[PDB]
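Take a look at the structure set out below.
Positions of Cβ are backbone-derived with ideal geometry, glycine not excepted, and every protein chain shown enters the neighbour counts. Please treat every number below as a calculation from the coordinates, not as lab data.
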Amino acid sequence: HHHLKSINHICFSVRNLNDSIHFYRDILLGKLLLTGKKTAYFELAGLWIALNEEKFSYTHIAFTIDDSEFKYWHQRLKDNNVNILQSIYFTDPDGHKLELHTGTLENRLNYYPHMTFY
Amino acid sequence: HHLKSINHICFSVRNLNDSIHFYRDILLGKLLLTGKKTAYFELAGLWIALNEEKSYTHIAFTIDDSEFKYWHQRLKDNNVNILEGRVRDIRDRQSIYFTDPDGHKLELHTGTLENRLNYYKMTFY
């Protein structure tokens, strides 16, 4: 009893809202829901993302894709000049670190001997 | 051809034991795995990886209205760094803003995306 229920949304600061809208809505195929003065809201991978215009290495957000889609995503990111760093590692136009994976994190947990599993 | 779901989020932290206490004891997540400089948790259905390493972003979780006071008191009782929100965010049981031991800003909210959309009803797509 008493648990946080779910993720509610993520918020990212961005230098240029138009560049970020083409990245999230066209290259990553998220749904644009609303725009305002210096803001945009998307639904992407079931997650509300809020971008805030204000004209780094200590966090990343990873997303799951169908493994049969891996070549489609790698080619899509490559052919849209995305900064690329089975798994794909990349950034958005501001440098926020993102990743695509074709397996759950739990399935990696099953992969890993001197670690301690709970 | 759509991304399916969130896989996990990762944060770098200065002190793994202090972050385990924050995400697992205070926020009631579950510790799933540790390695020399690493810990993984499940929190609110989300997998969180922490990497020990000796603003531009925030992450928000949903809580029920009926649990707002429980959470606000729990964070205060644990000396968590609480940040100011809008006027009436506390009294109207809307939002709590705070940070983890490293400064990563987090939020608890009782309202969803549809509630925010209805509320704003800016350009609506």
* Asked: Out of all the residues in the stretch B:21-32, is one or more over 15 Å from the mean Cα position of the chain (by Cα) and within 12 Å of chain A (Cβ to nearest Cβ)?
  -> yes
* Asked: Do we find that residue B:18 is at negative phi and assigned to a loop (DSSP other than H, G, I, E, B) in this structure?
  -> no
* To do: Filter the stretch A:60-118 for residues that are of a type in the set (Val, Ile, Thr), buried (at least 17 other Cβ atoms within 10 Å of the Cβ) and facing chain B (nearest Cβ under 7 Å) and give the result.
  => A:61, A:64, A:65
* Qualifying position, being within 21 Å of residue B:104 (Cβ to Cβ) and either facing another protein chain (nearest Cβ under 7 Å) or not β-branched (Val, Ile, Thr) (or both), among A:51, A:17 -> A:51
* **residue A:4 surrounded by 14 or more Cβ atoms within 10 Å (Cβ to Cβ) and under 20 Å from residue B:97 (Cα atoms)** => yes
* **Residue in the stretch A:33-40 that is within 14 Å of the chain's Cα centre (by Cα) and facing chain B (nearest Cβ under 7 Å) present** => no
* In the stretch B:1-15, the residues that are assigned to a loop (DSSP other than H, G, I, E, B) and either touching an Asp or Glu at 6+ places or on another chain (Cβ under 8 Å) or among the hydroxyl-bearing types (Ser, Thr, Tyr) (or both) -> B:1, B:4, B:14, B:15
* Kindly check whether there is at least one residue in the stretch B:29-50 that is β-branched (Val, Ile, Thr), assigned to a strand (DSSP E or B) and in contact with a helix residue (DSSP H, G or I) (Cβ under 6 Å, 6 or more places away or on another chain). => no
* Hey, residue B:62 in contact with a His (Cβ under 7 Å, 6 or more places away or on another chain) and on the phi < 0 side of the Ramachandran plot or not -> yes
